[PDB]
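Student: My questions all concern the structure below.
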Amino acid sequence: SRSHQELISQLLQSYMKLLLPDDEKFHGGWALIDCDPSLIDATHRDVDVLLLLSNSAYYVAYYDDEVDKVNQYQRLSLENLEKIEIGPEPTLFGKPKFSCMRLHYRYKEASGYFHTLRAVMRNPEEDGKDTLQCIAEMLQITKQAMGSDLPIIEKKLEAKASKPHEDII
Amino acid sequence: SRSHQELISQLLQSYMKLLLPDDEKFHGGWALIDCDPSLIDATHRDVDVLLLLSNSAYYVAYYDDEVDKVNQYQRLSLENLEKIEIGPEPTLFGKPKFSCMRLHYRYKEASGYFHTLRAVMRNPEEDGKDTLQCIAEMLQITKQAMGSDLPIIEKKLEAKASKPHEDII
Amino acid sequence: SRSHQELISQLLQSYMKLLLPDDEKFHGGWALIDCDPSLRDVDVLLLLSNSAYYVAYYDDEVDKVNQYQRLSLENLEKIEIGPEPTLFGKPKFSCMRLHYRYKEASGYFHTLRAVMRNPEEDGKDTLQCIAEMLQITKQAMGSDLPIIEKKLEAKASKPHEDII
Amino acid sequence: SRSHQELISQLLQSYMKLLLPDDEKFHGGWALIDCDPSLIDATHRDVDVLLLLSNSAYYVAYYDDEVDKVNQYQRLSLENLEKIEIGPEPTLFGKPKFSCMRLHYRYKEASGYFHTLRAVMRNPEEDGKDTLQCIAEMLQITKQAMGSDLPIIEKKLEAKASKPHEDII
Numbered sequence: 001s002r003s004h005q006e007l008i009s010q011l012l013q014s015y016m017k018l019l020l021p022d023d024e025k026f027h028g029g030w031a032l033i034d035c036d037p038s039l040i041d042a043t044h045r046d047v048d049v050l051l052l053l054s055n056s057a058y059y060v061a062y063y064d065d066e067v068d069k070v071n072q073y074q075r076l077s078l079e080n081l082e083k084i085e086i087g088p089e090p091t092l093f094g095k096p097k098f099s100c101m102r103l104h105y106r107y108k109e110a111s112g113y114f115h116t117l118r119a120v121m122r123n124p125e126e127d128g129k130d131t132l133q134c135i136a137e138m139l140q141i142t143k144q145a146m147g148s149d150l151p152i153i154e155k156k157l158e159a160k161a162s163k164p165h166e167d168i169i
Numbered sequence: 001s002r003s004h005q006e007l008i009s010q011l012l013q014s015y016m017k018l019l020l021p022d023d024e025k026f027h028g029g030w031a032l033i034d035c036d037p038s039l040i041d042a043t044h045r046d047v048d049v050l051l052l053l054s055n056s057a058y059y060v061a062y063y064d065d066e067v068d069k070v071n072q073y074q075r076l077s078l079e080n081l082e083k084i085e086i087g088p089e090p091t092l093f094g095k096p097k098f099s100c101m102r103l104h105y106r107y108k109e110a111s112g113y114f115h116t117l118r119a120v121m122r123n124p125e126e127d128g129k130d131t132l133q134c135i136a137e138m139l140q141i142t143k144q145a146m147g148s149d150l151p152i153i154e155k156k157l158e159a160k161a162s163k164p165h166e167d168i169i
Numbered sequence: 001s002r003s004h005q006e007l008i009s010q011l012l013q014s015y016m017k018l019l020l021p022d023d024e025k026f027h028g029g030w031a032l033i034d035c036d037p038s039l045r046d047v048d049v050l051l052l053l054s055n056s057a058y059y060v061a062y063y064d065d066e067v068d069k070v071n072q073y074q075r076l077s078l079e080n081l082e083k084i085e086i087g088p089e090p091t092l093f094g095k096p097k098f099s100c101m102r103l104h105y106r107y108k109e110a111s112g113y114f115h116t117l118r119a120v121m122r123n124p125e126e127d128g129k130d131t132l133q134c135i136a137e138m139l140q141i142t143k144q145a146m147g148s149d150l151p152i153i154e155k156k157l158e159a160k161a162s163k164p165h166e167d168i169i
Numbered sequence: 001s002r003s004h005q006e007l008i009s010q011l012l013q014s015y016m017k018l019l020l021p022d023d024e025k026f027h028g029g030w031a032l033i034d035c036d037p038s039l040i041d042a043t044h045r046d047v048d049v050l051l052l053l054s055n056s057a058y059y060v061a062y063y064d065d066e067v068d069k070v071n072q073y074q075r076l077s078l079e080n081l082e083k084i085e086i087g088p089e090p091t092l093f094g095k096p097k098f099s100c101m102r103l104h105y106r107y108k109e110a111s112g113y114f115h116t117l118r119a120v121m122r123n124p125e126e127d128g129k130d131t132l133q134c135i136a137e138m139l140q141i142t143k144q145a146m147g148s149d150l151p152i153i154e155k156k157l158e159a160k161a162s163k164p165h166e167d168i169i
């Protein structure tokens, strides 16, 4: 009775209804990599990051390095997204290799909390800046529909780690 | 047992795993609206469209207006995406308001198949062209990463309908 | 007798009159560099009127023009903007390809890039802008002009011939 | 003997040497129109303006309405160009459809001197903002290699005329 299309369709419906609250509607989603240098071990390893955008919130979810699972998750209201900075990666040595985007957010009435992300670039000689500008512009345009401005600022990224990230529902 | 946070994270990883085939990775996804005049009824109601991009394919899902679920679903290999056109909407009379994005694809080795999409915008004084240029750009580099090319063309859009779309897994 | 100023204004008047035919208005002009390999930067002057565009190549060691073309906007088929068709490794910068009909034949094109001071600068925005003026100028006078973003082909244009 | 192409070649050569000082190289040039109410001849028309850019200077020339003749000529050093404002034309009433470009220059250590220009080309449909943005971006990129930075502000333009312009060599 039920066809492949009907099954994959019903799966899509159910999962838009499970991921987001009833009042929220999907706008955009991007696969990204964590750009902040972590304080763990030597071997350089890409941390997958998922950024999802609705009409009223943006979602940041971090993936475990080796296995397929989510280590850290956050639903963040758009009003608390203060500013976006886009510029050369804050490496601890060498020339910056690519661009990263830093999303600065308000948490428990405080600043110093930020996510620094870059796009998955399969071409080594590709900057990645265009992709991040596009993402920032959609975050901006969406926040503006709520009635609030969001500055997108081009500048060199400060080599600093943002206040410990806590999980948020 | 598991916390509220643990369940949400689990649902998320499971979703991203089910959404695409084993070998594919998610790159990006966007909520859009069908831009071409559809021939069931000639009225004023937006047809919602979901566009997903993997490393090897893009996915187009049309939603029923009455209910929040699919009416049509297509997985389309990136090899078959011929070109993208971006210009003013093909209005049957008078001034075109917004820009639309036309994705020309090859189906059963035949051409003349296309999706015409636009962005959902909360500012009537914004043509949405930048949002569409961004999406086209990600489709372009993704295809360039797999070895081929994808022309993005700025021109006027022609006042013709696409060949009927068929569901494809 | 005339002043320094009066002479300067008269020179400018005379120049804009001499630059183009009686029935043409100047719209825009840009200093560019040849992007294609030749069979040392070659300076290129591109000029735009209401009905035509002008391409003039400069010799590499002397201040002189050695190739000059007036091309009607109706003969400009399409514009391609994308990374330079290099013969080695990574393309440094974007180039703009102006495809034109010459005596009812295709395969003729100029590949040009912007004069860019900062080495960490693509120069794509500058070229997008030039193409946008060529587009609207042609559209007001005649047919539409496609601007295509893609990777440029590693082919060489059909030999350029001079047009008055 | 000398061919036609040879003659136009030496005409182009000598004249790009007569217009500019010996150490100045032509970057760009645009035909524009005065947005501001004329002060020399009060009545409303479309005063032709030529804007030329070299590596160290920009040139502004006002043509006479009836006969083609330079009524006002200014060579202005890029260092004295402090800001560029873009946005709707300054009217006394109602809706401004097209946008203008206001270049503020410092003259004899004093401010309040500006040129308000708009693009010649357009459809009544388009505001002409994109063109002026491109010009602004060439003036910015040129001055910056040479000197101090140049901000481009998007804002409403008062229609406040700018201190009487004096001819400069």
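Line order of the protein sequences matches chains B, A, C and D.
For the first sequence, the entry's author numbering begins at 1 and goes up steadily by one.
For the second sequence, the entry's author numbering begins at 1 and goes up steadily by one.
Mapping of the third sequence onto the entry's author numbering: residues 1 to 39, 45 to 169, in sequence order.
For the fourth sequence, the entry's author numbering begins at 1 and goes up steadily by one.
For each residue, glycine too, the CB sits at the ideal point set by N, CA and C.
#1: Just checking my contact of B/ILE169 with A/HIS4 at CB under 8 Å: how many whole Å lie between their CB atoms?
#2: Take every Cβ of the stretch 10 to 26 of chain D, pair it with every Cβ of the stretch 87 to 101 of chain C, and state whether three or more of those distances are shorter than 8 Å.
#3: Please work out which residues of its chain come closer than 6 Å, Cβ to Cβ, to B/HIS115, disregarding the five sequence neighbours upstream and downstream, and give them in chain order.
#4: For a cutoff of 8 Å on Cβ pairs, would you count B/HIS4 as touching chain A?
#5: In whole angstroms, give me the CA-to-CA distance for A/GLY28 and A/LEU52.
#6: Should C/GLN140 go down as buried or exposed, given a rule of 16 or more other Cβ atoms within 10 Å for buried?
#7: Can you pull the chain D residues whose beta carbon is under 9 Å from the beta carbon of C/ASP149, in chain order?
#8: Quick check on the DSSP output: the alpha helix (DSSP H) that includes A/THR116 runs from which residue to which?
#9: On the DSSP bridge list, what partners appear for D/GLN74?
#10: Taking 7 Å as the cut-off, is the C-beta of D/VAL70 nearer than that to any heavy atom in the ligand ZN?
#11: Can you tell me which residues form a DSSP beta bridge with B/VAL49?
#12: Closest Cβ-Cβ distance between D/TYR73 and chain C: below 8 Å?
#13: Should D/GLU66 be labelled buried (16 or more other beta-carbon atoms within 10 Å of its own) or exposed?
#14: Check the Cβ-Cβ distances between A/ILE152 and every residue of chain C, and say whether any is below 8 Å.
#15: Any beta carbon from chain D within less than 8 Å of C/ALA61's own beta carbon?
#16: Going along the chain, which residues of its own chain have a beta-carbon closer than 6 Å to the beta-carbon of C/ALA136, five neighbours each way excluded?
#17: Helix, strand or coil: which one does DSSP assign to C/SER38?
#18: Could one say the Cβ of D/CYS100 lies closer than 8 Å to chain C's Cβ atoms, at least one of them?
#19: Using CA atoms only, rank isn't needed, just tell me which of D/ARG106, D/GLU82, D/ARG122 and D/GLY112 is closest to D/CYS100.
#20: Using a Cβ-Cβ distance under 8 Å, would D/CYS35 count as near chain C?
#21: Using a 10 Å radius around the Cβ and a threshold of 16 neighbouring Cβ atoms, would you call D/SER148 buried or exposed?
#22: Taking 8 Å as the cut-off, does the stretch 9 to 16 of chain B touch the stretch 61 to 81 of chain A (at least 3 CB pairs, one atom from each stretch)?
#23: Check whether the Cβ of B/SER1 lies closer than 8 Å to any Cβ atom in chain A.
#24: Run down chain D in chain order and give the residues with a C-beta less than 9 Å from the C-beta of C/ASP23.
#25: Please report how far the alpha carbon of C/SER1 lies from the alpha carbon of D/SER77, in whole angstroms.
#26: Residues of chain A with a CB under 7 Å from the CB of B/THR131: which are they?
#27: Where does D/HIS104 sit, in a helix, a strand or coil, going by DSSP?
#28: So which of D/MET138, D/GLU6 and D/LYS160 has the shortest CA-CA distance to C/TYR73?
#29: Measuring CA to CA, which of A/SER111, A/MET146, A/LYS25 and A/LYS155 is closest to A/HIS165?
#30: At which residues does the beta strand (DSSP E) containing A/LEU150 begin and terminate?
#31: Using only alpha-carbon positions, find the residue among A/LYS97, A/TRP30, A/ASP64 and A/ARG118 that is nearest to B/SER9.
#32: Would you please verify whether the beta carbon of A/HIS115 is less than 8 Å from any beta carbon of chain B?
#33: Rounded to a whole number of angstroms, what is the C-alpha to C-alpha distance between B/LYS156 and B/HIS44?
#34: Rounded to the nearest angstrom, what separates B/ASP36 and B/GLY94 at their Cα positions?
#35: Let me know the secondary structure DSSP gives C/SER162 once reduced to three states.
#36: Return the CA-CA distance between D/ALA31 and A/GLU126, expressed in angstroms with no decimal places.
Tutor: On the basis of the coordinates in this document:
#1: On the first sequence, residue 169 of chain B is found 169 positions in, with the first residue counted as 1. On the second sequence, residue 4 of chain A is found 4 positions in, with the first residue counted as 1. Right, their Cβ atoms sit about 6 Å apart.
#2: With a cut-off of 8 Å, the stretch 87 to 101 of chain C and the stretch 10 to 26 of chain D do not count as touching, because too few Cβ pairs lie within range.
#3: The sequence position of residue 115 of chain B within the first sequence is 115, counting from 1. Same-chain partners within the cutoff: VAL60 and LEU103.
#4: For the purposes of this step, residue 4 of chain B is taken as the residue at position 4 of the first sequence. Answer yes: the Cβ-Cβ gap between B/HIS4 and chain A drops below 8 Å somewhere.
#5: If you number the second sequence from 1, residue 28 of chain A lands on position 28. If you number the second sequence from 1, residue 52 of chain A lands on position 52. For A/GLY28 and A/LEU52, the distance between alpha carbons rounds to 6 Å.
#6: In the third sequence, residue 140 of chain C corresponds to position 135, counting from 1. C/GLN140 comes out buried.
#7: On the third sequence, position 144 is the one that residue 149 of chain C refers to. By Cβ distance, chain D contributes nothing, its closest Cβ being about 12 Å from C/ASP149, past 9 Å.
#8: By 1-based counting over the second sequence, the position of residue 116 of chain A is 116. Unbroken run through A/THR116 is the beta strand (DSSP E), 110 to 119; no alpha helix (DSSP H).
#9: In the fourth sequence, counting from the first residue as 1, residue 74 of chain D sits at position 74. The partner list for D/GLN74 (beta bridge, DSSP) reads D/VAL60 and D/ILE168.
#10: By its list of ligands, the structure shown contains no ligand whatsoever, and the ligand ZN lies outside what it can speak to.
#11: Counted from its first residue, the first sequence places residue 49 of chain B at position 49. B/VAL49 pairs with B/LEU32 and B/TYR62.
#12: The sequence position of residue 73 of chain D within the fourth sequence is 73, counting from 1. Chain C, which has a Cβ nearer than 8 Å to the Cβ of D/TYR73, makes this yes.
#13: Residue numbering aside, residue 66 of chain D sits at position 66 when the fourth sequence is read from its first letter. Around the beta carbon of D/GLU66, fewer than 16 other beta carbons sit within 10 angstroms, so the residue counts as exposed.
#14: By one-based count along the second sequence, residue 152 of chain A stands at place 152. With 8 Å as the cut-off, A/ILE152 counts as an interface residue toward chain C.
#15: What you label residue 61 of chain C is simply residue 56 of the third sequence in a count that begins at 1. Interface criterion met: the Cβ of C/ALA61 is under 8 Å from a Cβ in chain D.
#16: In the third sequence, counting from the first residue as 1, residue 136 of chain C sits at position 131. The residues are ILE84 and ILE152.
#17: Taking the third sequence and counting its residues from 1, the one referred to as residue 38 of chain C is at position 38. C/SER38: coil per DSSP, three-state reduction.
#18: The residue given as residue 100 of chain D occupies position 100 in the fourth sequence. So no, D/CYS100 is outside the interface.
#19: If you number the fourth sequence from 1, residue 100 of chain D lands on position 100. Closest by alpha carbon: D/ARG122.
#20: By 1-based counting over the fourth sequence, the position of residue 35 of chain D is 35. So, not an interface residue.
#21: Numbered from its first residue, the fourth sequence carries residue 148 of chain D at position 148. Answer is exposed; the Cβ neighbour count stays below 16.
#22: yes
#23: Locating residue 1 of chain B in the first sequence gives position 1, where the first residue counts as 1. Cβ-Cβ to chain A under 8 Å: no for B/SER1.
#24: Indexing the third sequence from 1 puts residue 23 of chain C at position 23. In chain order: nothing, as chain D lies at least about 13 Å away.
#25: Looking up residue 1 of chain C in the third sequence gives position 1. Looking up residue 77 of chain D in the fourth sequence gives position 77. The straight-line gap from Cα to Cα measures roughly 28 Å.
#26: Sequence index remark: in the first sequence, residue 131 of chain B carries index 131 (1-based). Within chain A, the residues near B/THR131 are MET138.
#27: In the fourth sequence, residue 104 of chain D corresponds to position 104, counting from 1. D/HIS104: strand per DSSP, three-state reduction.
#28: Within the third sequence, numbered from 1, the residue matching residue 73 of chain C stands at position 68. The shortest C-alpha separation from C/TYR73 is found at D/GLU6.
#29: Indexing the second sequence from 1 puts residue 165 of chain A at position 165. Considering only alpha carbons, the answer is A/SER111.
#30: Stepping through the second sequence from its first residue, residue 150 of chain A is reached at position 150. First-last for A/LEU150: undefined, no H or E at that position.
#31: Working through the first sequence from its first residue, we reach residue 9 of chain B at position 9. Nearest C-alpha to B/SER9: A/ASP64.
#32: As a first step, residue 115 of chain A must be located in the second sequence, where it is residue number 115. By this cut-off, A/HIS115 is not an interface position.
#33: Locating residue 156 of chain B in the first sequence gives position 156, where the first residue counts as 1. Locating residue 44 of chain B in the first sequence gives position 44, where the first residue counts as 1. Cα to Cα, the separation comes out at about 23 Å.
#34: Sequence index remark: in the first sequence, residue 36 of chain B carries index 36 (1-based). Sequence index remark: in the first sequence, residue 94 of chain B carries index 94 (1-based). Using only the alpha carbons, I get a separation of about 15 Å.
#35: To locate residue 162 of chain C, count along the third sequence from 1; it is residue 157. C/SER162: coil per DSSP, three-state reduction.
#36: For the purposes of this step, residue 31 of chain D is taken as residue 31 along the fourth sequence, with counting starting at 1. For the purposes of this step, residue 126 of chain A is taken as residue 126 along the second sequence, with counting starting at 1. If I take the Cα positions, the gap works out to 28 Å.
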